[PDB]
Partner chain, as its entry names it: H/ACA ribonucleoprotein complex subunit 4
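Here we start with a single chain on its own, the form solved without the partner chain, put down as structure tokens.
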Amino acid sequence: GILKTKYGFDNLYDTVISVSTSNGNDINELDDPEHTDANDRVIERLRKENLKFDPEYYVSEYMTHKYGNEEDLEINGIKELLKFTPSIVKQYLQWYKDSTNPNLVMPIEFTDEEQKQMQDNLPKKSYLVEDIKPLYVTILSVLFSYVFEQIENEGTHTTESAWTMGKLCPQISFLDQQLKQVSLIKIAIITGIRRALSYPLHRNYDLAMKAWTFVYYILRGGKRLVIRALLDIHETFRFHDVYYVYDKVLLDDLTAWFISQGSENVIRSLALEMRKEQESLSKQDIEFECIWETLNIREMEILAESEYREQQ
């Protein structure tokens, strides 16, 4: 509250987020984006996630998925979403199936449009960044936000796409690259799940886990495939007349830095590490404070199933 703390890529930016909230930036979730230190952003985010989470919404989604009739499933959409494969994932999995050496990174020839985007829309500066770990974690988190949007919209962007991506990415909504109060990869995965169960239209653990599995595939595809995703994200924010501030303060530099300095070996290790962390998780790791008691989401489901069986 008293002093300024910078934010965004390499904590270089200020002013612009505060200005944007007077001009319709509803992605920002910090009460005081210019005067909240990194640890306080985590504390505020965790508090706000517990408040945002709606257990009744969550268990209604769960009950529809598991017990809904054909029409309720169709109206809700969950079954169709869980069958959808975004183009970027599909192109990787096709190449992986057909390759004589599937261990390698996926060859990617950038389209004319992607080339023009890189030439016309990204900063032309050199980068010297001391602390790259938070950047790779940002890539992990923002890929999840992107994949989730791609699934929920069945591959067609809408005017709400930037909001969905911004809300599922703590580095955007809360300018929070720290994530942990005080592994970081595990915390990033859990954070993505908690936010996917609290903010979007479809709030479903299987859907969130599907998105993380697809992030794993994108990372396994390698640097150029990750660039393809980052360019799509950048374009989504760039031509939204409120939300472009997130390109200014984070995604412009994240994308340009990654193109110039991103490591294939780091990306492959990140793919394998995040998959190991993801596979270690269960619903018992996903907890919320509810009206106060701490409950995991499986406990919530069981309690709801019991009430439904009694009503039947």
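Numbering follows the first chain given and starts at 1.
FYI, the form deposited with the partner chain bound isn't displayed, but the following is about it.
Not one of 10, 118 and 179 comes within 4.5 Å of the partner chain in the deposited bound form, counting any heavy atom.
For the chain shown alone, residue 94 is not a contact residue for the partner chain in the deposited bound form, no non-hydrogen atom being within 4.5 angstroms. Contact check for residue 136: no non-hydrogen atom falls within 4.5 Å of the partner chain in the deposited bound form. A residue is said to contact a partner when one of its heavy atoms sits within 4.5 Å of a partner heavy atom; residue 237 fails this definition for the partner chain in the deposited bound form, lying far away. Proximity of residue 199 to the partner chain in the deposited bound form: non-hydrogen atoms within 4.5 Å are present.
Residues of just one listed stretch (257-265, 54-62, 38-46, 273-281) have heavy atoms within 4.5 Å of the partner chain in the deposited bound form: 54-62. The contact with the partner chain in the deposited bound form, taken as any heavy atom within 4.5 Å, belongs to 203 out of 223, 203, 194, 186. For the partner-free chain shown, 290, 291, 293, 294, 295, 298, 299, 300, 302, 303, 304, 307, 308, 311 of 282-312 come within 4.5 angstroms of the partner chain in the deposited bound form, judged by any non-hydrogen atom.
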